[PDB]
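Letters A, B, C, D, E and F mark the chains as written, and numbering starts fresh at 1 in each.
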Amino acid sequence: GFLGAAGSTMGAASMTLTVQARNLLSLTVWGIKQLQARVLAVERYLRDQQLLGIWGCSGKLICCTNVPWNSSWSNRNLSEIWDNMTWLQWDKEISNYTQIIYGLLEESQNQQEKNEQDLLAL
Amino acid sequence: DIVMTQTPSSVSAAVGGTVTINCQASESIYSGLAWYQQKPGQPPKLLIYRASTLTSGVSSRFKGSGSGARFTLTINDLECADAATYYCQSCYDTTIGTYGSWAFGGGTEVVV
Amino acid sequence: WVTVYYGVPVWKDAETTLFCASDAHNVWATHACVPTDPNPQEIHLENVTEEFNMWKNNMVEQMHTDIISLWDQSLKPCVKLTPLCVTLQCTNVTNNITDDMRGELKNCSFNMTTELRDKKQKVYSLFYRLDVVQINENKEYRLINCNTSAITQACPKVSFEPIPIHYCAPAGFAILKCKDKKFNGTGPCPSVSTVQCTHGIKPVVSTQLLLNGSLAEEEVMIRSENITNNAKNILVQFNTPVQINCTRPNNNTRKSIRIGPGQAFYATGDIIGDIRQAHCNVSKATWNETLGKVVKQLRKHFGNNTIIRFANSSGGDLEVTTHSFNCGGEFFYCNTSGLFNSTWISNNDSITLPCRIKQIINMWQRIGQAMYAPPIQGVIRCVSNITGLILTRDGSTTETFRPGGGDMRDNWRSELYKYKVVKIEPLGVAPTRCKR
Amino acid sequence: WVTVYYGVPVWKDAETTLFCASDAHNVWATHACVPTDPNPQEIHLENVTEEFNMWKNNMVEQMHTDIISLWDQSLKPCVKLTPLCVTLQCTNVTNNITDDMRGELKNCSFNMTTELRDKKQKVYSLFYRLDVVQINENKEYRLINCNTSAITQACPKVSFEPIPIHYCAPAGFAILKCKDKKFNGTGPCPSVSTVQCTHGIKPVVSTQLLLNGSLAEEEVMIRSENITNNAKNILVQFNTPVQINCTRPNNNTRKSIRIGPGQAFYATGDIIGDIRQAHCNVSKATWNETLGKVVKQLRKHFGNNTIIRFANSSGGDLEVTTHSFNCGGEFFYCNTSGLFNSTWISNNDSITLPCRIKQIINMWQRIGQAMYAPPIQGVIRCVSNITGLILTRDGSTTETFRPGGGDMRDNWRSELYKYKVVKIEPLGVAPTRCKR
Amino acid sequence: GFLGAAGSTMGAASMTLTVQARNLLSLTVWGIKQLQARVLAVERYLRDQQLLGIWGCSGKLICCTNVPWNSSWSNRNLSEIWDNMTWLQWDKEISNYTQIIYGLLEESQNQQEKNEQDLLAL
Amino acid sequence: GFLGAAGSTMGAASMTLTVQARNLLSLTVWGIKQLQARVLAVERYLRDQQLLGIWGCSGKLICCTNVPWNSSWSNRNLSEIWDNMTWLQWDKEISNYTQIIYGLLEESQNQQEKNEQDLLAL
């Protein structure tokens, strides 16, 4: 079920991640409307994929990064977050740090790629 | 489609003091729980509704609480008040959206 | 520490463009819809609650806009009747006509254009009183819209049958639905499930009564934006249908008049048999029980010993004071006072509603685009399910309610109240113990 | 050795489709534009020079096309006036009319159609001399366009106010802008910055003088494709505005005539008070100083002791010999000879320009689509900033310049001269010391 | 700044590569025009991504390949190219070898993938 | 040649895979038709790329998986399939197992990514 994991805890829900991923691409009245909708759906898909590319998480549903958790974002324990909370609740808890985390992920990836080139040039 | 699990199936006490009965829903029922007392020979009597409200046919001796999918019943003092089988009933079926679909767990026999 | 997860099952309220689907010459071009899923799925969301608000639901707005635009596109290729704005010389129809129907039909004659520019023809036809006005205060008359709008004849081959459509979300979106059988339109909804497409909804147009919608499953439901505010409507949904039988008991003929190359006008010809008044029958016992149920529920908002009275509509145009509907292709305007005439105190037969008929229709309460409904030969009979009412408060121990009309939007929010559109936001992050 | 880099900051000249943005019933449908950025960014490019050419700038062509297409779409729903192509029986207006205005207005009467096809009505209205021609060489007249084009009445609710729009590049593109305060339209531009959107540009239409554009920041600028070629225009941009005050000092009435169902024509009714000539005032001292600045700069291309003379326009249609503009909704054709009457030798008051008014307009110098401008009641007064001139060379020690008209394109290339569109090409390669 | 690195040398500019990457996706007059523009912007994006895929550089801003520099393309020194030249100048210097390099990169990647399969089959 | 390998055997044809890959992206009558066609071509491209992403084969023309061949799908020998048969013939031979194999590939990838996170968390 497409949103079937909505009531699951975070540590339970993140095992069925492909279910949602597979459903993101799926001149008269009801004519021009479909053409416009199709184009916008494509743009949304690509923006999310570009971010995974930039952060170094392309091709993965789950990726580890090398960016530290800064605590002030959320000072909850891992056993509390993963076992006693759902993704809807979590999304609300840290919604205002979204842009902070994304900026940190982008810079980290740029530093990593530059360092890999220095090693391949050695 | 709501399944209620009630435990222990058998609870006992010395005369005087408290016992508890637990009940776990397979899905949150948003507190739509009722507790009943059935003595041998009659239909069940309603003691508590909407998780913690008494029917006034019962004294403060019977108390309870809970939320979501998990609830408990506490009998504060057992004076051989009963030898009733207590039952956990769901009064709301979230898979339908109604109050017309009930479910009962097995009961608990209280001995004292 | 930061782990990025993709495919996270979360969403936000959103407004997007929905498309229609249809389970397969119609005025709403339902053939232009995407074929439906023969076996659509529905997913129950365990432990998920959501907040709904039917009064702010933009799905209503899209349905409203699609209906009007489709309606207008369907008239684009149809013949214009501007050559009819002539002085009509006209008298009454008096042949075997029932009293109280007398004066409703008129026999008018005029000089119409024809196939050749050099010729004129004398023709005559019958008109209903409501479609003409007297100018020479036989007497001279003109069609009622000749000083305000263009008149377009509806194409005779186009159907007005309210064939249902389904609304479907685009990729990246989902439609949430309430299952709570007592949901009153706003606030938390304890049981939610998801669909890709809505149930089929019939684009039925009516005023005071809702003629062919859904019934409440259990209890009679009363929904309103406020209840307290006398400026707001109350939508009452019945939990049982009330059967209504309508008829136009006049066997009519139809003839075409050529008005120019490739063009013809359809005129009412003559009447076969006696001339009788159009009417609708509502079962009396059912109506009485149905109101009793509505009153018991209305009292919950007004007081245990509050008296509830029903009264008929206020004065004004037929379009807002009568019960109107399109059935069999004819446009009826029925007098509903026989249904709203009672006082409810704390602690076989039928009701006959006389009706009027019009051929010149301002369909969406707009000015400048008039449609002419060509006549239909033979006799028309219709049977439908009344499913609900639109009531207003006439506003200290007695409350009075009157039926009334409303926006077209109120006839659609009554079906769409259970649906919400959300967008899916698959990226999110959380702390974990891993590092690259 | 080969390393591939993505996101390389390079670009190439390119031609793409630009879209408009607007900072928010208008003839240009500016509400259809994308809302603008309240705080747009501009990036300075350090150490970057670029080559610009305002005479080959395709942004001008898109602006030209959008304006014409929007203009035409705005008239699509408006009433046609083809029933007015009748013989008009007509005489002169002689009531309290100022000499030299006498003969400009005529009182014409005719048999017009009405709401019913069977009736005709006698109506009369006032027309300007420039909109009619005599046929019976009272005298019979016809409207000037009845033998060549259809006449459409502009909708009275539609505004012609030149509300500015911004052009914005699509993703993958950028707009480069010159900052060089002395840039003359071509060649290297030492200081370049990037924007996503242009400054707002007003779609002002004029001929000999440019009435509401941008001013030069420092020096008066003279720009031309060639200067040397007498077939080319010279665009002169002022570094200070010249104030011009225009008026139509006649208090007019307006009346509507129903011409058919849903349709009406707006006619000039009568004149309240005396009849006077329309005119524009230009401050004299400012004009004199402004020309002196232009002459000092023109001499740089013609010689230190070359004499510069200004003369008025050549003969031809008003559309190309006069200064025309749309202000307050009226179309003025003003005589500019009082502004171009001097010889410049090496080493309070006002100028009054009389004006003519027309109601039938061939807006884009096209043939077949005529617009009728309905009259405006009351009195019209306009104030504007003259920002520049369009001059041509009348082509051995004296040069003579004349004002003239030109393509509509020349009124837009004067604002867009600083902008260039380029596309971004993010892939590139270079040798490095690494290997997989 | 989107083109802020335009005046930087190549070895300085290629540190801010994500700045440009993030800006590549970003029936009436001004109606149909936007729909057409959106579609073309998407096509351009995808063609560049497909080439990075084909050459084995997907998901990277900087990737090393195993294709040799042939010298005749540009016989400049690395210390000259990376430190005393901008990307605009470089793009002009080797613009006519673009198609040569791309063809070489494509063949190399096909050979590499075939060889990896032979090893995984061992 | 775009379909030049159509007559080649499977083991011969799968060396020129980029030839086809490079050709997948390439209001009046003949106006609106092109806009509609372009959008649909993009959607087709993306659906295939999404599947390679889900199965863990993104960025590759040839990828090995860890899913066993179940024999009943086709009990032919490898020397028969790769040397004496073309891709058109093969596509017909196992056309009805397409959905089985894809489901197996998707589950395998989800299990692999979860296990990698457990190791990176160690």
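Rule of thumb we're sticking to: a residue touches a chain if its C-beta (ideal position, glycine included) is under 8 Å from a C-beta of that chain, and two chains touch if they have at least 3 such contacts.
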item: From the options A-D, C-F or D-E, the pair that copies A-C, where over half of the contact pairs coincide; value: D-E
item: D-E or B-C, whichever has more C-beta pairs in contact; value: D-E
item: Distance between the centres, which are taken as Cα means, of subunit F and subunit E, whole angstrom; value: 25
item: Rounded Å distance, subunit A centre to subunit D centre (Cα mean); value: 52
item: Inter-chain centre distance, subunit B versus subunit F - centres from mean C-alpha coordinates, in Å; value: 58
item: Residue list for subunit B, restricted to those that touch at least two other chains; value: none
item: For subunit A, residues contacting two or more additional chains; value: 17-18, 21, 25, 27, 35-36, 38-39, 42, 45, 58-62, 64, 117, 120-121
item: Residues of subunit C engaged with two or more neighbouring chains; value: 3, 44, 46-47, 432-436
item: Touch list for subunit D against partner subunit E, complex; value: 1-11, 16-17, 19-20, 29, 32-34, 41, 43-48, 66, 69-70, 73, 170-172, 174, 194, 424-436
item: Contacting residues of subunit C [partner subunit B, same complex]; value: 44, 46-47, 49, 178-181, 183, 190-191, 218
item: In the complex, subunit A residues that touch subunit F; value: 15, 17-18, 21-22, 25, 27, 35, 38-39, 42, 45, 58-62, 64
item: Subunit E - residues contacting subunit D, complex; value: 1-8, 10, 13-14, 16-21, 23-26, 28-31, 33-34, 36-38, 40-41, 44-45, 48, 51-52, 55, 57, 60-69, 74, 78, 81-82, 86-88, 90-91, 94, 101, 104-105
item: Touch list for subunit A against partner subunit E, complex; value: 27, 32, 35-36, 39, 42-43, 46-47, 50, 53-54, 56, 58-59, 106, 109-110, 113-114, 116-117, 120-121
